[PDB]
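Lettering of chains follows the sequences in order, A, B, ..., and the numbering in each one begins at 1.
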Number of protein chains: 4
Amino acid sequence: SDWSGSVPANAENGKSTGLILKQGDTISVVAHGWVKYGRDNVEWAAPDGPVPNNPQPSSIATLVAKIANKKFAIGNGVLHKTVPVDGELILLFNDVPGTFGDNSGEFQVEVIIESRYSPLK
Amino acid sequence: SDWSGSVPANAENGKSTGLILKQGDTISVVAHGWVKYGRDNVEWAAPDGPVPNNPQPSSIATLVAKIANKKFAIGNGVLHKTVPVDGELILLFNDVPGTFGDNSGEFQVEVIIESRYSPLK
Amino acid sequence: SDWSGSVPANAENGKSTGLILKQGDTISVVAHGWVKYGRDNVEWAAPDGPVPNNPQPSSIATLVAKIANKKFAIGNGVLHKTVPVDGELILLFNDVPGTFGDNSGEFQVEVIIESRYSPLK
Amino acid sequence: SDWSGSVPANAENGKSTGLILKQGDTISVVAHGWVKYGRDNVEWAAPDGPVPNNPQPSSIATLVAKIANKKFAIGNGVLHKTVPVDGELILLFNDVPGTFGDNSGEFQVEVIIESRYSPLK
Ligand SMILES: CO[C@H]1O[C@H](CO)[C@H](O)[C@H](O)[C@H]1O
Ligand SMILES: CO[C@H]1O[C@H](CO)[C@H](O)[C@H](O)[C@H]1O
Ligand SMILES: CO[C@H]1O[C@H](CO)[C@H](O)[C@H](O)[C@H]1O
Ligand SMILES: CO[C@H]1O[C@H](CO)[C@H](O)[C@H](O)[C@H]1O
Ligand SMILES: [Ca+2]
Ligand SMILES: [Ca+2]
Ligand SMILES: [Ca+2]
Ligand SMILES: [Ca+2]
């Protein structure tokens, strides 16, 4: 993969990948593992989000991509998706701001840059 | 995607994709969603497997690929993996045989054939 | 390949690949072989164009892609290029209109649809 | 691209790309341009080989890939081909040994490592 690493659930600023994406690039992502978004026995989340026996608001406690401070859904993974903005790829466990203190665990994530933007001319 | 569809947790024989894979092909898979592998409130599973607060034996209640009656790990997804055997791709919720009766729900899965085998000559 | 076939040099309307493309798709192409754009011994062309010892105007007697009646350079090939317009992919030996009658031969061309447009959201 | 650069026709040892390939990787290549394999006005070659109005023996004056001192056809390009041996990718204008002194020009070549070997398990 172009980047592989952990995404800690307690990282409020996310995990920086160092991948500098440009508008028009395409990427794929797969995310593995489990994290806690709280201390309770039920407050587990996959990258796709909280276990549905304790659901949270939309996009909360899911794996998202942050690019130029805009957030995009990733969850368990995405295949060959076009990047609409420039910026470094930050992978973020999208917990409510200020509530990362009771989080633990990390996802294992792989990112592939499938293509760099170049149009037909 | 080359194939997108549901993989029911209660399907003991899995979900046939119709994709005929050859040794040397490469594929990518991403799987989303939640299933129950039992009627208890804790018996939830992501494609990666059971929620860790109620763990099961290795590979049980995970999403796997069946090709020529061999099983391969898939879970939440894989990127650009080489197919080692010829056969139709079957996607299977790998519950213990005979225990699919209390399963429910389905994963949403996407499969892409990234390349068909062709060697440098 | 998603499409493989011969592109005749004397086909003033090009060769249909049957591939229906959408803006934002990415494609790769490789083209092999040799054609004649005239009866003279010097009037050979690779997909990239005429041999430089008998140059023709820009883009003339080169392999191009025709989509929605717009022309894009292909030549010997392109890798993971973004498609800017919807339409059927036509491959065309871009000879001067009305001068296809003295052409002969065909390029062997392979086309791969690397991805179908799907943005991060 | 993973590597893009020039392949001089007069480089008897070829052009080292620095790409370290492993058995099972897949690669794509496209090659553009024209070179001379001799001082005569007719001794032009595309990556696919000599212009057919002055043909040479089979495989001579064609663009090939050298991996572990073995030669593989490339010509104008290849798409998603599996690498059969470990080694650095060397791109070579395959002229007769000792006859590179009368060559000039260079091909413009792009190489993409489409995937790094990882099997389903
Ligand atoms: C409802 O509380 C739980 O979920 C929220 C997010 O909605 C926070 O993560 C909090 O730490 C956790 O205990
Ligand atoms: C421990 O029981 C639970 O898990 C097993 C597999 O380990 C079966 O799926 C069963 O249906 C479910 O109730
Ligand atoms: C100089 O003429 C040559 O090139 C032109 C295109 O410019 C036509 O293909 C013509 O048939 C061919 O003989
Ligand atoms: C027949 O001569 C020509 O072709 C051979 C290879 O076949 C050599 O490249 C030589 O330099 C060139 O002049
Ligand atoms: Ca929290
Ligand atoms: Ca069960
Ligand atoms: Ca002509
Ligand atoms: Ca020579």
### Task
Heavy atoms only: give me the nearest A:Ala45-A:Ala61 pair and the separation to one decimal.
CB-O, 3.7 Å
### Message
Rounded to the nearest 0.5 Å, what separates atom OG in B:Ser104 from atom CG in B:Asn10?
### Response
8.0 Å
### Query
Out of A:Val29, A:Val30, A:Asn76, which one pairs with B:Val30 under the side chain to side chain contact (heavy atoms under 4.5 Å, CB included) rule?
A:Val30
#### Entry: Note, A:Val42 side chain near A:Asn53 side chain (heavy atom, < 4.5 Å)
yes
### Query
Who pairs with D:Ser4 by side chain to side chain contact (heavy atoms under 4.5 Å, CB included), at least two apart in sequence or on another chain?
D:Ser1, D:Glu110
### Query
By side-chain hydrogen bond (donor to acceptor under 3.5 Å, both in side chains), which residues pair with D:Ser28, not counting sequence neighbours?
D:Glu114
### Query
Got a sec, which residues hit side chain to side chain contact (heavy atoms under 4.5 Å, CB included) with C:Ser118, two or more places apart in sequence or on another chain?
A:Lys81
#### Entry: Those residues that, when tested against B:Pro55, pass side chain to side chain contact (heavy atoms under 4.5 Å, CB included) (two or more places apart)
none
### Summary
Minimal heavy-atom distance between B:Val85 and B:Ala68, with the atoms involved, is CG2-CB, 4.3 Å
## Note on the structure
Value for NZ (B:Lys36) from CG (B:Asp102), rounded to nearest 0.5 Å, stands at 9.5 Å
### Residue pairs, two or more places apart or on separate chains, that pass ring pair (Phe, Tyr, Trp, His ring centres under 6.0 Å) and touch residues 58-97 of chain B
B:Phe93-B:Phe107
### Task
Only pairs at least two apart or in different chains count here, so list each ring pair (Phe, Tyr, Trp, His ring centres under 6.0 Å) that has a residue in residues 7-49 of chain B.
none
### Summary
Taking every heavy atom of C:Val109 against every heavy atom of C:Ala31, the minimum-distance pair comes out as CG2-CB, 3.8 Å
### Task
State, with a plain yes or no, whether a side-chain heavy atom of B:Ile60 is found less than 4.5 Å away from one of B:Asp95.
yes
### Task
Under the side chain to side chain contact (heavy atoms under 4.5 Å, CB included) rule, collect the residues that match up with B:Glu12, sequence neighbours excluded.
B:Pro97, B:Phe100
#### Entry: Spacing of CG belonging to D:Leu63 relative to CG belonging to D:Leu92, to within rounding of 0.5 Å
8.0 Å
### Query
So how far is it from D:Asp48 CG to C:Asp48 CG, rounded to the nearest 0.5 Å?
10.5 Å
### Task
Measure the shortest side-chain to side-chain distance between B:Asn54 and B:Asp40 over non-hydrogen atoms and say whether it is less than 4.5 angstrom.
no
### Query
Got a sec, which residues hit side-chain hydrogen bond (donor to acceptor under 3.5 Å, both in side chains) with C:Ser6, two or more places apart in sequence or on another chain?
none
#### Entry: Within 6.0 angstrom of A:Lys70 NZ, more than 12 heavy atoms from elsewhere
no
### Query
Counting only N and O atoms by type, is there a donor-acceptor contact under 3.5 Å from the side chain of A:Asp86 to the main-chain atoms of A:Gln23?
yes
### Query
Minimum heavy-atom separation for B:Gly33 to B:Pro47, with atom names?
O-CD, 3.6 Å
### Least distance between heavy atoms, A:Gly105 atom then A:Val35 atom
C-CG1, 3.7 Å
### Task
First locate atom CG of B:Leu79, then atom CG of A:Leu79, and finally report the distance between them rounded to the nearest 0.5 Å.
6.5 Å
### Task
Quickly, which of D:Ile67, D:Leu21, D:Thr82 forms a side chain to side chain contact (heavy atoms under 4.5 Å, CB included) with B:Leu120? Name it, please.
D:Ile67
Could you go through residues 13-20 of chain D and list every donor-acceptor pair under 3.5 Å that involves a side-chain atom there, pairing it with any protein atom two or more places apart or in another chain?
residue : atom : partner : partner atom : Å
D:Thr17 : OG1  : D:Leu19 : N            : 3.1
D:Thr17 : OG1  : D:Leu89 : O            : 2.8

### Query
Who pairs with A:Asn94 by side-chain hydrogen bond (donor to acceptor under 3.5 Å, both in side chains), at least two apart in sequence or on another chain?
A:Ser59, A:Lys71
### Message
Looking at A:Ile113, is its backbone amide N or carbonyl O close enough to the side chain of A:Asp2 to form a donor-acceptor pair, meaning the two atoms are under 3.5 Å apart?
### Response
yes
### Query
Can you list the residues that meet the side-chain hydrogen bond (donor to acceptor under 3.5 Å, both in side chains) rule with A:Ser115, with sequence neighbours excluded?
A:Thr26
### Query
Do C:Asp25 and C:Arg116 have side chains that get closer than 4.5 Å, going by heavy atoms?
yes
### Query
Among D:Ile74, D:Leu91, D:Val78, which residue meets the side chain to side chain contact (heavy atoms under 4.5 Å, CB included) test with D:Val111?
D:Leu91
